[PDB]
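One structure is given below, encoded as structure tokens.
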Amino acid sequence: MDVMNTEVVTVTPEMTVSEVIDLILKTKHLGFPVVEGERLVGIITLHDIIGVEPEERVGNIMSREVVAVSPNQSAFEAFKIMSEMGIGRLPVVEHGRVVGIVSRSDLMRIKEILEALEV
Amino acid sequence: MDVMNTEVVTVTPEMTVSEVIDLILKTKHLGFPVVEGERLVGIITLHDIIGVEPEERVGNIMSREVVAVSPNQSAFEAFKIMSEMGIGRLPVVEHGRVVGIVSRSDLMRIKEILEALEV
Amino acid sequence: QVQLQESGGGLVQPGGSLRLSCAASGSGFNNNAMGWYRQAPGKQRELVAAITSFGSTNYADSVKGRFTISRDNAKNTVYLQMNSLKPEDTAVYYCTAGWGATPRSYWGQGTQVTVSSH
Amino acid sequence: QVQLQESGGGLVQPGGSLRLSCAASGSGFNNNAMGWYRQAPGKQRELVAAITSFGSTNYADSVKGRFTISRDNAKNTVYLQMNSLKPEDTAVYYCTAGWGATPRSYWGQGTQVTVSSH
Ligand SMILES: Nc1ncnc2c1ncn2[C@@H]1O[C@H](COP(=O)(O)OP(=O)(O)OP(=O)(O)O)[C@@H](O)[C@H]1O
Ligand SMILES: Nc1ncnc2c1ncn2[C@@H]1O[C@H](COP(=O)(O)OP(=O)(O)OP(=O)(O)O)[C@@H](O)[C@H]1O
Ligand SMILES: Nc1ncnc2c1ncn2[C@@H]1O[C@H](COP(=O)(O)O)[C@@H](O)[C@H]1O
Ligand SMILES: Nc1ncnc2c1ncn2[C@@H]1O[C@H](COP(=O)(O)O)[C@@H](O)[C@H]1O
């Protein structure tokens, strides 16, 4: 994984969507991996948040079957998974523990950077 | 300015494009305001970098007439400037000194966040 | 912008209780999520417990129930209360600040907590 | 991940010379751009001088020529050499780390530099 953000904004299944809304306002992130400690359990994006009562807990609307990737895999292998399943953000897990995150944008930018490299 | 990134990646007019390429690789940013100290002088994006010799200095290919904005202006006023002139990133200056940066994306996300706010 | 000063720690007999504290100073700090990471001699860095500005906690499986986290919003300081300290809890305990359930943006210098039998 | 320990500073007669140093430790540090910001009693924070990992320097207009910056890549430490110290240079000098010509991601605790006539 040459491309991933190791400072990951995560949530717990017992946090409320009112608190997740604050994280979107504070961090300007679309999705957040759901963790118990450092262990991935689910993922929640803006899709799954609108529109439920602010007291609703994350664990009831989060996606449990998370498409992730390992740090021992290439960034291009994640770009294939993101395109083959039309999935925005991919958590990066090692021993079931969230260590980073890579998403489409993160890899779409790599295309443009590689375009301009003939010096 | 409710939306701006105050940790700004800037360049000096005496840096080389080989070094700017490293900043794009390190920071994954498209453009960088050019500063002398903290004072804005120019701006340089990927458009103006490809493709010149790595020893070329920033001050020779940077845009000197920079469309900026002040921190005392609303984020919506910058969204108008970005759309009326089709300009990607807008430096935020106060007393001619770079204090932040806001770009299209940064404001396009605000639209989506405001869409989902009926609790 | 962000500074994290850790306090407490040191020797503690096996099964005893010890508390850590971490003060958050600076103008870049504004009700951030604070947590505790640790690292044993040979092992890698590991989350112990974190707590957001809302008060939502997040513990590892390994110190769950034994360790409880709390914070003082006005003092902008966090408290890690360690109980029933096993010898595998001997590590350098780092204080972190950031956003979410696993804050890792800003780190402390680490305070040594040793759990050994006298 | 990133720690910045400042050294040097203190009293210096007007027109004298004084040097500051800043050590960068941690695993989150990897040839980052390091610089010096300051803040006078009533004034706001202000860039003094910065230098990237390439060696490209960037000074404010105000300390230009008088202050010169240098860094040691193997020791990961930066040096601010201050000469011809005017009384308006009396401020708390903060060491910063980041990327580019105005690094502000990680900050030090600040060291006091006083320029007064005895
Ligand atoms: N990486 C992922 N792994 C598993 N499930 C996901 C992942 N990302 C999103 N989801 C789920 O699939 C649904 C897709 O809707 P959402 O817009 O939230 O994400 P997305 O489809 O990736 O975004 P976009 O439509 O912009 O690509 C969401 O409700 C979310 O719960
Ligand atoms: N904020 C700005 N102020 C002044 N000039 C700019 C600004 N941003 C870009 N430019 C100049 O205008 C040109 C536009 O090309 P570039 O793709 O680099 O930026 P852009 O047009 O904003 O990007 P995009 O085409 O993706 O919107 C660049 O060569 C750059 O020198
Ligand atoms: N939950 C998250 N925590 C930390 N970083 C993230 C998270 N989601 C996305 N990112 C990163 O931030 C950038 C913007 O994310 P997005 O707005 O979801 O495209 C992406 O390049 C990601 O690498
Ligand atoms: N030169 C820069 N320095 C610091 N942050 C930037 C810079 N350019 C853009 N950003 C921020 O980083 C995000 C990605 O920038 P971009 O890839 O140019 O859209 C934007 O939301 C900007 O707010």
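By order in the structure tokens, chains are A, B, ...; within a chain, residues start at 1; ligands start at 1, following the order shown.
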
Residue 93 in chain C: which residues within 9 Å, counting only C-alpha atoms, same-chain residues fewer than 6 positions away excluded, as a short mmCIF file (atom, residue, chain, number, x, y, z; two decimals) with N, CA and C atoms, in the first residue's frame?
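Result went into selection25.cif, see below:
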```
data_model
loop_
_atom_site.label_atom_id
_atom_site.label_comp_id
_atom_site.auth_asym_id
_atom_site.auth_seq_id
_atom_site.Cartn_x
_atom_site.Cartn_y
_atom_site.Cartn_z
N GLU C 6 2.10 14.11 29.57
CA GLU C 6 1.65 12.95 30.32
C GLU C 6 2.18 13.01 31.75
N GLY C 9 2.33 7.10 36.35
CA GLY C 9 3.05 5.92 35.93
C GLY C 9 4.18 5.55 36.87
N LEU C 20 -3.08 7.31 35.02
CA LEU C 20 -2.33 8.21 34.15
C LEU C 20 -3.19 9.42 33.81
N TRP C 36 -5.25 6.80 24.62
CA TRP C 36 -4.00 6.25 25.12
C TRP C 36 -3.58 5.09 24.25
N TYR C 37 -2.37 5.18 23.69
CA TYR C 37 -1.71 4.07 23.02
C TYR C 37 -0.53 3.62 23.87
N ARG C 38 -0.12 2.37 23.68
CA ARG C 38 1.02 1.82 24.41
C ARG C 38 1.88 1.00 23.46
N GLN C 39 3.05 0.60 23.94
CA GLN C 39 3.94 -0.25 23.15
C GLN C 39 4.82 -1.04 24.10
N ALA C 40 4.68 -2.36 24.08
CA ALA C 40 5.49 -3.24 24.90
C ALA C 40 6.88 -3.40 24.29
N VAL C 48 -5.09 1.53 23.62
CA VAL C 48 -5.55 1.08 24.93
C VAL C 48 -6.98 1.53 25.19
N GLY C 108 2.03 12.19 22.50
CA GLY C 108 2.89 12.59 23.60
C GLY C 108 4.25 11.93 23.51
N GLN C 109 5.04 12.14 24.56
CA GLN C 109 6.39 11.59 24.63
C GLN C 109 6.44 10.22 25.31
N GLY C 110 5.32 9.75 25.86
CA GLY C 110 5.28 8.45 26.49
C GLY C 110 5.76 8.44 27.92
N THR C 111 5.02 7.75 28.79
CA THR C 111 5.39 7.57 30.19
C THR C 111 5.47 6.08 30.49
N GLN C 112 6.54 5.67 31.18
CA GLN C 112 6.78 4.26 31.44
C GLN C 112 5.91 3.77 32.59
N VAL C 113 5.19 2.67 32.36
CA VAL C 113 4.43 1.98 33.40
C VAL C 113 4.99 0.57 33.50
#
```

- [ ] Can you tell me which residues come within 9 Å of ligand 1 when counting only C-alpha atoms and all ligand atoms, ideally as a ChimeraX atom specification?
- [x] /A:30-33,42-49,61-68,82,86-91,103-104

Export of prior selection with N, CA, C and O atoms as a CSV table (one decimal), in the first residue's frame:
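Result file follows (selection-v1.csv):
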```
chain,number,residue,atom,x,y,z
A,30,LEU,N,-16.5,11.6,4.3
A,30,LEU,CA,-17.7,11.0,3.8
A,30,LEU,C,-18.1,9.7,4.6
A,30,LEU,O,-19.2,9.6,5.0
A,31,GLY,N,-17.1,8.8,4.8
A,31,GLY,CA,-17.4,7.6,5.6
A,31,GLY,C,-16.4,7.5,6.7
A,31,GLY,O,-15.4,8.1,6.8
A,32,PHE,N,-16.8,6.5,7.6
A,32,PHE,CA,-15.9,6.2,8.8
A,32,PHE,C,-16.0,4.7,9.0
A,32,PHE,O,-17.1,4.1,9.1
A,33,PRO,N,-14.8,4.0,9.1
A,33,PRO,CA,-14.8,2.6,9.6
A,33,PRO,C,-15.3,2.6,11.0
A,33,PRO,O,-14.9,3.4,11.9
A,42,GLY,N,-17.6,-2.7,11.2
A,42,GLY,CA,-18.5,-2.2,10.2
A,42,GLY,C,-18.0,-0.9,9.6
A,42,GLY,O,-16.9,-0.4,10.0
A,43,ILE,N,-18.7,-0.3,8.7
A,43,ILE,CA,-18.4,0.9,8.1
A,43,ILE,C,-19.7,1.7,7.9
A,43,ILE,O,-20.8,1.1,7.7
A,44,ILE,N,-19.7,3.0,8.0
A,44,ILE,CA,-20.8,3.9,7.9
A,44,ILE,C,-20.5,5.1,7.1
A,44,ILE,O,-19.5,5.8,7.4
A,45,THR,N,-21.2,5.5,6.1
A,45,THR,CA,-21.0,6.6,5.3
A,45,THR,C,-22.2,7.5,5.4
A,45,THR,O,-23.1,7.3,6.2
A,46,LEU,N,-22.3,8.6,4.6
A,46,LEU,CA,-23.4,9.5,4.6
A,46,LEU,C,-24.7,8.9,4.1
A,46,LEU,O,-25.8,9.2,4.4
A,47,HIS,N,-24.5,7.9,3.2
A,47,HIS,CA,-25.6,7.2,2.6
A,47,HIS,C,-26.5,6.6,3.7
A,47,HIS,O,-27.7,6.8,3.7
A,48,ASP,N,-25.9,5.9,4.6
A,48,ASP,CA,-26.6,5.2,5.7
A,48,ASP,C,-27.0,6.1,6.8
A,48,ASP,O,-27.7,5.7,7.8
A,49,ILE,N,-26.7,7.4,6.8
A,49,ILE,CA,-27.1,8.3,7.9
A,49,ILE,C,-28.3,9.1,7.6
A,49,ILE,O,-29.1,9.4,8.6
A,61,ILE,N,-27.4,0.7,11.8
A,61,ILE,CA,-27.5,1.1,10.4
A,61,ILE,C,-26.2,0.9,9.6
A,61,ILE,O,-26.2,1.1,8.4
A,62,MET,N,-25.1,0.6,10.3
A,62,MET,CA,-23.8,0.4,9.6
A,62,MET,C,-23.8,-0.9,8.8
A,62,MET,O,-24.6,-1.8,9.1
A,63,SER,N,-23.0,-0.9,7.7
A,63,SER,CA,-22.8,-2.1,6.9
A,63,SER,C,-21.8,-3.0,7.6
A,63,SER,O,-20.7,-2.6,8.0
A,64,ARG,N,-22.3,-4.3,7.8
A,64,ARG,CA,-21.5,-5.3,8.6
A,64,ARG,C,-20.4,-6.0,7.7
A,64,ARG,O,-19.4,-6.3,8.1
A,65,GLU,N,-20.8,-6.1,6.4
A,65,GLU,CA,-19.9,-6.8,5.4
A,65,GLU,C,-19.0,-5.8,4.8
A,65,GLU,O,-19.4,-5.2,3.7
A,66,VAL,N,-17.9,-5.5,5.3
A,66,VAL,CA,-17.0,-4.4,4.9
A,66,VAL,C,-16.0,-5.0,3.9
A,66,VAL,O,-15.3,-6.0,4.2
A,67,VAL,N,-15.9,-4.3,2.8
A,67,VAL,CA,-14.9,-4.7,1.8
A,67,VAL,C,-13.6,-3.9,2.1
A,67,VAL,O,-13.6,-2.7,2.0
A,68,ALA,N,-12.6,-4.6,2.6
A,68,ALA,CA,-11.4,-4.0,3.0
A,68,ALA,C,-10.2,-4.5,2.2
A,68,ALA,O,-10.4,-5.1,1.1
A,82,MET,N,-12.1,-1.3,-5.8
A,82,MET,CA,-13.0,-0.2,-5.8
A,82,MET,C,-13.8,0.0,-7.1
A,82,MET,O,-15.0,0.4,-7.1
A,86,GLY,N,-17.8,-0.9,-7.3
A,86,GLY,CA,-18.3,0.5,-7.2
A,86,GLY,C,-18.4,1.0,-5.8
A,86,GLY,O,-19.5,1.4,-5.4
A,87,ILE,N,-17.3,0.9,-5.1
A,87,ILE,CA,-17.2,1.2,-3.6
A,87,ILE,C,-16.3,2.3,-3.4
A,87,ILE,O,-15.2,2.4,-4.0
A,88,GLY,N,-16.7,3.3,-2.6
A,88,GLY,CA,-16.0,4.5,-2.4
A,88,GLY,C,-14.7,4.4,-1.6
A,88,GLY,O,-13.6,4.6,-2.1
A,89,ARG,N,-14.8,4.1,-0.3
A,89,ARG,CA,-13.7,4.0,0.6
A,89,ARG,C,-13.4,2.6,1.1
A,89,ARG,O,-14.3,1.9,1.4
A,90,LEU,N,-12.2,2.2,1.1
A,90,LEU,CA,-11.7,0.9,1.5
A,90,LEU,C,-10.9,0.9,2.7
A,90,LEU,O,-9.7,1.4,2.6
A,91,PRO,N,-11.3,0.4,3.8
A,91,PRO,CA,-10.4,0.3,5.0
A,91,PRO,C,-9.3,-0.6,4.8
A,91,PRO,O,-9.4,-1.6,4.0
A,103,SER,N,-9.2,5.4,-0.6
A,103,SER,CA,-10.5,5.6,-1.3
A,103,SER,C,-10.2,5.9,-2.7
A,103,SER,O,-9.1,6.0,-3.2
A,104,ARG,N,-11.3,6.0,-3.5
A,104,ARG,CA,-11.2,6.3,-4.9
A,104,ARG,C,-10.3,7.5,-5.2
A,104,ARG,O,-9.3,7.3,-5.8
```

Fit chain C to chain D, all Cα atoms paired in order, least squares. Then write it as a PDB file with C-alpha atoms, in the first residue's frame.
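Writing the result to result39.pdb gives the following:
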```pdb
ATOM      1  CA  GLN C   1       4.841  10.580  15.863  1.00  0.00           C
ATOM      2  CA  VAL C   2       6.425  14.067  15.844  1.00  0.00           C
ATOM      3  CA  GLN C   3       8.194  15.860  18.706  1.00  0.00           C
ATOM      4  CA  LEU C   4      10.043  19.195  18.607  1.00  0.00           C
ATOM      5  CA  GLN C   5      12.436  20.080  21.444  1.00  0.00           C
ATOM      6  CA  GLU C   6      13.780  23.635  21.299  1.00  0.00           C
ATOM      7  CA  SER C   7      17.082  24.724  22.821  1.00  0.00           C
ATOM      8  CA  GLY C   8      18.937  27.988  23.267  1.00  0.00           C
ATOM      9  CA  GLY C   9      17.652  31.492  23.768  1.00  0.00           C
ATOM     10  CA  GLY C  10      17.450  33.842  26.712  1.00  0.00           C
ATOM     11  CA  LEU C  11      19.040  37.225  27.286  1.00  0.00           C
ATOM     12  CA  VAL C  12      21.082  38.930  24.579  1.00  0.00           C
ATOM     13  CA  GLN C  13      22.248  42.540  24.430  1.00  0.00           C
ATOM     14  CA  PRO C  14      20.840  44.685  21.594  1.00  0.00           C
ATOM     15  CA  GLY C  15      22.807  44.099  18.412  1.00  0.00           C
ATOM     16  CA  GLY C  16      24.246  40.826  19.709  1.00  0.00           C
ATOM     17  CA  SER C  17      23.969  37.362  18.203  1.00  0.00           C
ATOM     18  CA  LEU C  18      22.210  34.263  19.541  1.00  0.00           C
ATOM     19  CA  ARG C  19      21.404  30.827  18.133  1.00  0.00           C
ATOM     20  CA  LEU C  20      18.438  28.485  18.501  1.00  0.00           C
ATOM     21  CA  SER C  21      18.187  24.763  17.805  1.00  0.00           C
ATOM     22  CA  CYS C  22      15.273  22.352  17.449  1.00  0.00           C
ATOM     23  CA  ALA C  23      15.481  18.552  17.542  1.00  0.00           C
ATOM     24  CA  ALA C  24      12.868  16.546  15.624  1.00  0.00           C
ATOM     25  CA  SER C  25      12.117  13.083  16.992  1.00  0.00           C
ATOM     26  CA  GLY C  26       9.482  10.467  16.343  1.00  0.00           C
ATOM     27  CA  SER C  27       8.503   7.941  13.716  1.00  0.00           C
ATOM     28  CA  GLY C  28       6.020  10.284  12.025  1.00  0.00           C
ATOM     29  CA  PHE C  29       8.940  12.538  11.066  1.00  0.00           C
ATOM     30  CA  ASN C  30      10.574  11.764   7.716  1.00  0.00           C
ATOM     31  CA  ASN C  31      12.645  14.631   6.286  1.00  0.00           C
ATOM     32  CA  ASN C  32       9.926  17.196   6.890  1.00  0.00           C
ATOM     33  CA  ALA C  33      10.216  20.929   6.368  1.00  0.00           C
ATOM     34  CA  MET C  34      11.208  22.670   9.598  1.00  0.00           C
ATOM     35  CA  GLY C  35      10.907  26.347  10.441  1.00  0.00           C
ATOM     36  CA  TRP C  36      10.724  28.969  13.171  1.00  0.00           C
ATOM     37  CA  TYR C  37       7.672  31.028  14.124  1.00  0.00           C
ATOM     38  CA  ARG C  38       7.622  33.697  16.828  1.00  0.00           C
ATOM     39  CA  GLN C  39       5.099  35.834  18.696  1.00  0.00           C
ATOM     40  CA  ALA C  40       5.781  39.178  20.363  1.00  0.00           C
ATOM     41  CA  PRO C  41       3.918  40.199  23.574  1.00  0.00           C
ATOM     42  CA  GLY C  42       0.989  41.954  21.915  1.00  0.00           C
ATOM     43  CA  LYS C  43       1.457  40.778  18.347  1.00  0.00           C
ATOM     44  CA  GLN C  44       0.285  37.582  16.635  1.00  0.00           C
ATOM     45  CA  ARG C  45       2.247  34.534  15.521  1.00  0.00           C
ATOM     46  CA  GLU C  46       4.638  35.215  12.654  1.00  0.00           C
ATOM     47  CA  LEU C  47       6.991  33.224  10.430  1.00  0.00           C
ATOM     48  CA  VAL C  48      10.692  33.894  10.950  1.00  0.00           C
ATOM     49  CA  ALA C  49      12.493  31.389   8.733  1.00  0.00           C
ATOM     50  CA  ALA C  50      11.840  27.926   7.323  1.00  0.00           C
ATOM     51  CA  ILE C  51      13.836  25.366   5.365  1.00  0.00           C
ATOM     52  CA  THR C  52      12.679  22.302   3.455  1.00  0.00           C
ATOM     53  CA  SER C  53      14.355  18.903   3.365  1.00  0.00           C
ATOM     54  CA  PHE C  54      15.933  19.973   0.056  1.00  0.00           C
ATOM     55  CA  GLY C  55      17.633  22.908   1.779  1.00  0.00           C
ATOM     56  CA  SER C  56      15.393  25.597   0.273  1.00  0.00           C
ATOM     57  CA  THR C  57      15.116  28.448   2.766  1.00  0.00           C
ATOM     58  CA  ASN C  58      12.337  30.988   3.276  1.00  0.00           C
ATOM     59  CA  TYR C  59      12.725  34.063   5.487  1.00  0.00           C
ATOM     60  CA  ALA C  60      10.322  36.802   6.456  1.00  0.00           C
ATOM     61  CA  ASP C  61      11.175  40.267   5.260  1.00  0.00           C
ATOM     62  CA  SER C  62      11.916  41.329   8.776  1.00  0.00           C
ATOM     63  CA  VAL C  63      14.819  39.113   9.739  1.00  0.00           C
ATOM     64  CA  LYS C  64      16.181  38.720   6.310  1.00  0.00           C
ATOM     65  CA  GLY C  65      19.979  38.813   6.196  1.00  0.00           C
ATOM     66  CA  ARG C  66      20.226  39.054   9.971  1.00  0.00           C
ATOM     67  CA  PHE C  67      18.761  35.594  10.620  1.00  0.00           C
ATOM     68  CA  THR C  68      20.015  32.575   8.659  1.00  0.00           C
ATOM     69  CA  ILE C  69      18.604  29.051   8.915  1.00  0.00           C
ATOM     70  CA  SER C  70      20.347  25.697   8.473  1.00  0.00           C
ATOM     71  CA  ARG C  71      19.587  22.068   9.263  1.00  0.00           C
ATOM     72  CA  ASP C  72      21.359  18.777   9.973  1.00  0.00           C
ATOM     73  CA  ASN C  73      19.624  15.979   8.074  1.00  0.00           C
ATOM     74  CA  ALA C  74      21.223  13.058   9.943  1.00  0.00           C
ATOM     75  CA  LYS C  75      20.445  14.587  13.347  1.00  0.00           C
ATOM     76  CA  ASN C  76      17.059  15.856  12.052  1.00  0.00           C
ATOM     77  CA  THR C  77      17.657  19.165  13.811  1.00  0.00           C
ATOM     78  CA  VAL C  78      17.364  22.758  12.606  1.00  0.00           C
ATOM     79  CA  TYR C  79      19.438  25.797  13.567  1.00  0.00           C
ATOM     80  CA  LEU C  80      18.331  29.444  13.582  1.00  0.00           C
ATOM     81  CA  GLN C  81      21.325  31.804  13.733  1.00  0.00           C
ATOM     82  CA  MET C  82      20.207  35.257  14.901  1.00  0.00           C
ATOM     83  CA  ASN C  83      22.475  38.276  14.360  1.00  0.00           C
ATOM     84  CA  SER C  84      22.112  42.034  14.895  1.00  0.00           C
ATOM     85  CA  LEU C  85      19.251  41.406  17.311  1.00  0.00           C
ATOM     86  CA  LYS C  86      16.941  44.423  17.465  1.00  0.00           C
ATOM     87  CA  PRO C  87      14.644  44.871  20.491  1.00  0.00           C
ATOM     88  CA  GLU C  88      11.643  44.057  18.272  1.00  0.00           C
ATOM     89  CA  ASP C  89      13.028  40.506  17.999  1.00  0.00           C
ATOM     90  CA  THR C  90      12.064  39.871  21.633  1.00  0.00           C
ATOM     91  CA  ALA C  91       9.427  37.131  21.434  1.00  0.00           C
ATOM     92  CA  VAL C  92       8.655  33.497  22.196  1.00  0.00           C
ATOM     93  CA  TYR C  93      10.249  31.491  19.378  1.00  0.00           C
ATOM     94  CA  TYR C  94       8.325  28.361  18.383  1.00  0.00           C
ATOM     95  CA  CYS C  95       9.770  25.529  16.301  1.00  0.00           C
ATOM     96  CA  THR C  96       7.497  24.013  13.661  1.00  0.00           C
ATOM     97  CA  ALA C  97       7.442  20.986  11.376  1.00  0.00           C
ATOM     98  CA  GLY C  98       5.431  20.225   8.257  1.00  0.00           C
ATOM     99  CA  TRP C  99       5.602  20.463   4.466  1.00  0.00           C
ATOM    100  CA  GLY C 100       6.467  23.311   2.130  1.00  0.00           C
ATOM    101  CA  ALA C 101       7.669  26.841   2.741  1.00  0.00           C
ATOM    102  CA  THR C 102       5.412  27.610   5.751  1.00  0.00           C
ATOM    103  CA  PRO C 103       5.314  24.452   7.891  1.00  0.00           C
ATOM    104  CA  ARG C 104       2.694  24.650  10.639  1.00  0.00           C
ATOM    105  CA  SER C 105       1.544  21.050  11.171  1.00  0.00           C
ATOM    106  CA  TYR C 106       3.511  20.306  14.352  1.00  0.00           C
ATOM    107  CA  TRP C 107       4.689  22.893  16.871  1.00  0.00           C
ATOM    108  CA  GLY C 108       7.130  23.152  19.742  1.00  0.00           C
ATOM    109  CA  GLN C 109       6.558  24.607  23.190  1.00  0.00           C
ATOM    110  CA  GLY C 110       8.396  27.865  22.461  1.00  0.00           C
ATOM    111  CA  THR C 111      11.634  29.269  23.884  1.00  0.00           C
ATOM    112  CA  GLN C 112      11.905  32.836  25.165  1.00  0.00           C
ATOM    113  CA  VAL C 113      14.422  35.142  23.472  1.00  0.00           C
ATOM    114  CA  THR C 114      14.793  38.515  25.198  1.00  0.00           C
ATOM    115  CA  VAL C 115      16.685  41.430  23.625  1.00  0.00           C
ATOM    116  CA  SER C 116      17.067  44.142  26.263  1.00  0.00           C
ATOM    117  CA  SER C 117      19.680  46.753  27.117  1.00  0.00           C
ATOM    118  CA  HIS C 118      21.596  46.231  30.362  1.00  0.00           C
TER     119      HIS C 118
END
```

Which residues of chain A sit at most 12 Å from ligand 4, using only C-alpha atoms and all ligand atoms? Give each one's shortest atom pair and distance in Å (one decimal place), in chain and ascending residue order, as CSV.
```
residue,atom,partner,partner_atom_place_in_ligand_line,distance
A:27,CA,ligand 4,21 (O),10.9
A:28,CA,ligand 4,21 (O),9.0
A:29,CA,ligand 4,21 (O),10.8
A:105,CA,ligand 4,17 (O),9.1
A:106,CA,ligand 4,17 (O),9.3
A:107,CA,ligand 4,17 (O),11.7
A:108,CA,ligand 4,17 (O),10.6
A:109,CA,ligand 4,17 (O),7.8
A:110,CA,ligand 4,17 (O),11.0
A:112,CA,ligand 4,17 (O),10.9
A:113,CA,ligand 4,17 (O),11.2
```

Those selected residues, please, written with N, CA, C and O atoms and delivered as a PDB file, in the first residue's frame.
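Output below, filename selection.pdb:
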```pdb
ATOM      1  N   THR A  27     -14.372  16.836  10.366  1.00  0.00           N
ATOM      2  CA  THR A  27     -13.329  16.244   9.541  1.00  0.00           C
ATOM      3  C   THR A  27     -13.606  16.326   8.046  1.00  0.00           C
ATOM      4  O   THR A  27     -12.675  16.139   7.255  1.00  0.00           O
ATOM      5  N   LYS A  28     -14.845  16.611   7.641  1.00  0.00           N
ATOM      6  CA  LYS A  28     -15.216  16.673   6.226  1.00  0.00           C
ATOM      7  C   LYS A  28     -14.910  15.355   5.518  1.00  0.00           C
ATOM      8  O   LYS A  28     -14.459  15.332   4.370  1.00  0.00           O
ATOM      9  N   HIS A  29     -15.247  14.263   6.175  1.00  0.00           N
ATOM     10  CA  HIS A  29     -15.062  12.945   5.616  1.00  0.00           C
ATOM     11  C   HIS A  29     -16.400  12.346   5.312  1.00  0.00           C
ATOM     12  O   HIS A  29     -17.366  12.591   6.014  1.00  0.00           O
ATOM     13  N   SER A 105     -10.802   8.619  -4.742  1.00  0.00           N
ATOM     14  CA  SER A 105     -10.111   9.880  -4.942  1.00  0.00           C
ATOM     15  C   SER A 105      -8.632   9.737  -4.769  1.00  0.00           C
ATOM     16  O   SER A 105      -7.851  10.133  -5.601  1.00  0.00           O
ATOM     17  N   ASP A 106      -8.263   9.134  -3.643  1.00  0.00           N
ATOM     18  CA  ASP A 106      -6.871   8.898  -3.307  1.00  0.00           C
ATOM     19  C   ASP A 106      -6.150   8.200  -4.451  1.00  0.00           C
ATOM     20  O   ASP A 106      -4.967   8.446  -4.682  1.00  0.00           O
ATOM     21  N   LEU A 107      -6.855   7.331  -5.173  1.00  0.00           N
ATOM     22  CA  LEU A 107      -6.208   6.638  -6.282  1.00  0.00           C
ATOM     23  C   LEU A 107      -6.424   7.322  -7.622  1.00  0.00           C
ATOM     24  O   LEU A 107      -5.583   7.183  -8.519  1.00  0.00           O
ATOM     25  N   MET A 108      -7.541   8.033  -7.787  1.00  0.00           N
ATOM     26  CA  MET A 108      -7.741   8.832  -8.992  1.00  0.00           C
ATOM     27  C   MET A 108      -6.655   9.891  -9.138  1.00  0.00           C
ATOM     28  O   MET A 108      -6.246  10.219 -10.258  1.00  0.00           O
ATOM     29  N   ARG A 109      -6.186  10.446  -8.018  1.00  0.00           N
ATOM     30  CA  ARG A 109      -5.125  11.447  -8.075  1.00  0.00           C
ATOM     31  C   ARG A 109      -3.815  10.833  -8.549  1.00  0.00           C
ATOM     32  O   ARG A 109      -3.034  11.487  -9.252  1.00  0.00           O
ATOM     33  N   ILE A 110      -3.567   9.573  -8.187  1.00  0.00           N
ATOM     34  CA  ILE A 110      -2.343   8.893  -8.600  1.00  0.00           C
ATOM     35  C   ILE A 110      -2.276   8.778 -10.118  1.00  0.00           C
ATOM     36  O   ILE A 110      -1.196   8.877 -10.715  1.00  0.00           O
ATOM     37  N   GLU A 112      -3.450  10.988 -12.316  1.00  0.00           N
ATOM     38  CA  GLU A 112      -3.050  12.286 -12.850  1.00  0.00           C
ATOM     39  C   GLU A 112      -1.573  12.561 -12.588  1.00  0.00           C
ATOM     40  O   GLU A 112      -0.879  13.127 -13.440  1.00  0.00           O
ATOM     41  N   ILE A 113      -1.075  12.159 -11.416  1.00  0.00           N
ATOM     42  CA  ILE A 113       0.338  12.345 -11.098  1.00  0.00           C
ATOM     43  C   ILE A 113       1.209  11.516 -12.032  1.00  0.00           C
ATOM     44  O   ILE A 113       2.243  11.985 -12.523  1.00  0.00           O
TER      45      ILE A 113
END
```

Open item on the list: Report, in Å with one decimal, the straight-line distance from CA of residue 54 in chain A to CA of residue 19 in chain A.
Closed with: 8.0 Å

Compile the contact shell of range 73-77 of chain B as a compact mmCIF listing (two decimals) with N, CA and C atoms, in the first residue's frame: residues with an atom at most 7 Å away, counting only C-alpha atoms, same-chain residues fewer than 3 positions apart removed.
```txt
# COMPACT_ATOMS: atom_id res chain seq x y z
N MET B 1 -14.77 33.19 6.66
CA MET B 1 -14.33 31.92 6.09
C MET B 1 -14.55 30.76 7.04
N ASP B 2 -15.74 30.16 6.97
CA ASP B 2 -16.02 28.97 7.77
C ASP B 2 -15.28 27.74 7.26
N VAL B 3 -14.82 27.76 6.01
CA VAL B 3 -14.14 26.62 5.41
C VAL B 3 -12.81 27.10 4.85
N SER B 70 -10.19 37.01 1.30
CA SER B 70 -9.80 37.41 2.65
C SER B 70 -10.53 36.58 3.70
N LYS B 80 -18.45 31.82 -5.27
CA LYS B 80 -18.83 32.61 -6.43
C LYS B 80 -17.61 32.94 -7.28
N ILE B 81 -16.51 33.34 -6.64
CA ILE B 81 -15.28 33.65 -7.36
C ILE B 81 -14.74 32.42 -8.07
```

Open item on the list: Residues of chain C classed as strand (DSSP E or B) by DSSP on the backbone are to be reported as a PyMOL selection string.
Closed with: chain C and resi 3-8+10-12+18-25+33-39+46-51+57-59+64+67-72+77-82+91-98+106-107+111-115

- [ ] Tell me the residues of chain B close to chain A, meaning within 7 Å using only C-alpha atoms, as JSON, numbers by chain.
- [x] {"B": [50, 53, 54, 116, 119]}
